[PDB]
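Peer 1: Sharing a structure below in structure tokens format, with a few things to ask.
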Ligand SMILES: [Mg+2]
Ligand SMILES: [Mg+2]
Ligand SMILES: [Mg+2]
Ligand SMILES: [Mg+2]
């Protein structure tokens, strides 16, 4: 645009009409409630996994997103590239809180399913999730041999679902449960960034890291 | 820091957000779809009017050293019968008032200002915000009592379902009554300091409502 | 649809390329320099005078800005209505700083001149400016029998000029001196707000009040 | 403190920092002949935390002792940057300098290894022409290496970009223009530095 655009105090103080919440407010809202099942999306919700996706694109689809359909990419992505995935502090706080409550923690992902996967171990290790609270990662999808995200949220009777994408929130709404938004990091390679709060959902403050 | 010449900053601090429930007028309006006409209330000072000019002159005239002017009947006479000619209407309030007029709601103004024999505040409000006679109601001067919230009785008796205000006591009054209390941001240049912590009771706060 | 526009972390952290400064930094930049002459714009720079201008318009030109040409308005505005004007904290800090340095303070305004004025008095009293550093307000304009803003900056050899409007900054620029921007409050009746920093000038932080 | 709230003074509050854009930097160089400019690497042009994270988890999960482990650097400098995400802000600065015909140098505090593929990763990701590219320079306080300051002087760099305090003070020591880049909030190198602490120019939106 212009070289010296400047600014004004109206622009400096302008706020989008979003419902922000803190981990502490979420915990307070669960007080007295018995252990329950809760779910987390993985990519850009608990793990900054862009490193692997970046290398995958560079390796199999420099000029496109075809790598996401390449089975060769997924074998490596689900079996080791998450060693380069950075865990989010927001997720750490949320998981620690649910662990203290004794809730059952599930991880649901849209990643293509592979024969083996080391993601479940990476997650349990990174977030120090006790055995009684950990559950193997769930690969949701359309495939005839797998259930959809909505189906899994219902089957496991998850009462809360955390995610950064619009489909994460709509799935929660579709099931009639509480969908909570996590901010996607600005340096994520999955762009453009989604509009957190676009469904009137709660959005966790400072959850980009 | 105030003692730090070049404090600098970082992206974590730049993007940092307070956990507040922000709402827009449109969202409020939408949340009232299907609701029949109802009674709603508005605080006056720093909610619908930036009245600091008159309170500032009042302090300088009667209590330059203190806030005793607020207990001076001479001050209230001047404040309620003319000084609001210097009071600037808030745009956020214009939008709320128009929205409620469209719905056909009865609008009330409940203020902590002291009651005076005569008052021109009601007219200033009706003229500045173009409030039809059908929706307008004379201002209720509830006064301000120590250890007691004067607004509660009025919200109950007039059966107000929503109450807008910038001060904590406006929100706690709505909470005491079990109705929806919505916060309006007090301007940074208001002479009524310190600024309150909007969202301190988990209430909805209207975005960009400082002007 | 757009009832919930939401937001994202890129937008939350976005910054306009503005050269922000604080009063302490300004003070530090003047260390060792002998006392000098500095000038201040009045409206929305040192005084939030919108109350008087608002009443002026509603009284003399409820449909336009013609009131700005009405001598009856200026008689009221320059002789008492500033008793309703709110002094700015940023200005207070700047003036105290310059007084400490022993600088000579001047106030230049584009307000129409009147045979008498009590503005100078209101300024000296509100800001406790000692007689030694105080100077009667200077009224400038394109009009006759008057010197323009630029002419007054040159004649008094003002080395710094503080203002909220673009012409305050350009005037300083035209005289080769240091022009520093003050933010105009969002509730000022003089709209639209200007783009502070539009000339690459220094802008004082939190100077809207 | 469950509901701390906020106020408009807080919402509009600005830190006294000198912000600049790539366009303003380019404008300030108008009419200047080609010159040498240098860039720090980690968190300046590359979000290299993925590699440092794996290194930490592998060699010293409870500390930063891995930064002094030779085995770590061998892998970091020879392939782990394939997981390093280039920064858009750097992409713009580099294109800008390449258009000017300036000579670009990359100076890093990473431990030097026998071989390195970092220079290759940089040239490819940022499509730097052969005419403007220079092999990465490893600066160090070892009698075999030259310090960061010496390299800046040696190559007569006029501008140095970096996210760290020592990147800025190095430029200040050489009497050249040191410009700050914002370290991403999710970098594993914490705490984040205070950009602007030396009254230096800081590039807006440079966290990605
Ligand atoms: Mg995701
Ligand atoms: Mg009030
Ligand atoms: Mg002005
Ligand atoms: Mg660095």
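Sequential numbering from 1, following the chain as shown.
Yeah, the Cβs are placed from backbone N, Cα and C, and that goes for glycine too.
Taken from Swiss-Prot, the feature active site, nucleophile covers A:41. The active site, proton donor annotation in Swiss-Prot covers A:43, and the record cites similarity to another entry as its basis. Positions annotated as Mg(2+) binding site by Swiss-Prot: A:41, A:43, A:164.
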Peer 1: According to DSSP, which of helix, strand or coil covers the residue listed as 'active site, proton donor'?
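Peer 2: DSSP call for the residue listed as 'active site, proton donor': strand.
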Peer 1: Round to the nearest Å and give the CA-to-CA distance linking residue A:164 (Mg(2+) binding site) with residue A:41 (active site, nucleophile).
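Peer 2: Roughly 8 Å, rounded to the nearest whole number.
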Peer 1: Measure from the Cβ of residue A:164 (Mg(2+) binding site) and count the other Cβ atoms within 10 Å, all protein chains considered.
Peer 2: 26
Peer 1: Specify the secondary structure state of residue A:164 (Mg(2+) binding site) as given by DSSP, simplified to three classes.
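Peer 2: For residue A:164 (Mg(2+) binding site) - judged by DSSP and reduced to three states - the answer is coil.
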Peer 1: Quick check: with A:41, A:43, A:164 left out, which same-chain residues have Cβ atoms within 8 Å of the centroid of the Mg(2+) site Cβ atoms?
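Peer 2: In sequence order, the nearby non-listed residues are A:42, A:44, A:45, A:46, A:163, A:165, A:168, A:182, A:184.
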Peer 1: Long-range neighbours only, meaning 6 or more apart in sequence with Cβ under 8 Å: which ones does the residue listed as 'active site, proton donor' have?
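Peer 2: In sequence order, A:49, A:109, A:110, A:111, A:164, A:190 meet the Cβ cut-off.
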Peer 1: Relative to the Cβ position of residue A:41 (active site, nucleophile), how many further Cβ atoms are located within 10 Å?
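Peer 2: Summing over all protein chains shown, residue A:41 (active site, nucleophile) has 24 other Cβ atoms within 10 Å.
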